[PDB]
């Protein structure tokens, strides 16, 4: 079902970029029939590019997953290309929105984790491990208060049809993202004062269960969603965290935390390590 006629018959392309994947640059575009601003990911054809589109297609109705609108197979400067047209996520990255504020609460963190959990729940019950869940891939649909948090970039995704191992990498990501959400800095562990002094014990113990060095002891997604901090997120205490202040104060090496997490996730994807 890829459209084989030229993308620019349906879309007006901008010379204006919204970032790079591992498979593809992301550009802004406008649907020619309607107003709509959308995002275009350019992949050069290849087995991987094909699996990326396949995996993202399957995931694209699910909760808190960036939706694809259309896929094109085109020639571009004489190379085959696949073009994934996605809804525009103009709210930008999760941890940038948290920065732009000056209170961020433990309850709001459990609501965000539950949303990402429901993405991972959808993917794993469909036997898809994402394997690159990290800040840059967690985007909001708009800058408004009712914006929806969604996961994107299925470039490293594997259809677990090892399986169990690949899913456990997503679960580690959830523990890393949660840790950062609760204090403003990553586990590269411990929970130091005063940033972790008021964090509830349920939160700490769920992170502990998620960052187990042994993958087989790590919580499953269904055990994550049934944990009281996630399952009873409405009633998590409304306590002010120091996350947004710390992110503002540490903004000058936010790029290093992202590089580190990218590197840890690449290392989890190797066939033989250590």
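Residue numbers count along the first chain shown, from 1.
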Review point. Checking the other entries of this protein that model its neighbours, is residue 104 missing in at least a third?
Key: no
Check your understanding: Is it true that residue 189 has no coordinates in a third or more of the other entries in the comparison?
Key -> yes
**Study point:** Between residue 161 and residue 162 - deposited residues without coordinates, as a size class
**Key:** 10 or more
**Study point:** Between residue 188 and residue 189 - deposited residues without coordinates, as a size class
**Key:** 10 or more
Exercise for review: Output the stretch having the higher mean C-alpha B factor in the entry; the candidates are 128-136 and 198-206.
Suggested key: 198-206
Exercise for review: Going by the average Cα B-factor in the PDB entry, point out whether 149-157 or 89-97 comes out higher.
Suggested key: 89-97
Review point. Which one, 73, 115, 166, 106, has the peak C-alpha temperature factor per the PDB entry?
Key: 106
Check your understanding: Based on what the PDB entry reports, which of 246, 29, 66, 43 has the top C-alpha B-factor?
Key -> 246
Practice item. Looking at the entry's B-factor column for C-alpha atoms only, identify whether residue 58 ranks in the lowest, middle or highest third of its chain. Key: middle
Revision key, fill the gap. Quick tally, chain-level thirds of C-alpha B-factors: residue 178 sits in the middle
Revision key, fill the gap. The third of the chain into which the C-alpha temperature factor of residue 211 falls is the middle
Check your understanding: Would the CA B-factor of residue 263 place it in the lowest, middle or highest third of its chain?
Key -> middle
Review point. Going by what the PDB entry lists, where does residue 230 fall on CA B-factor within its chain: lowest, middle or highest third?
Key: middle
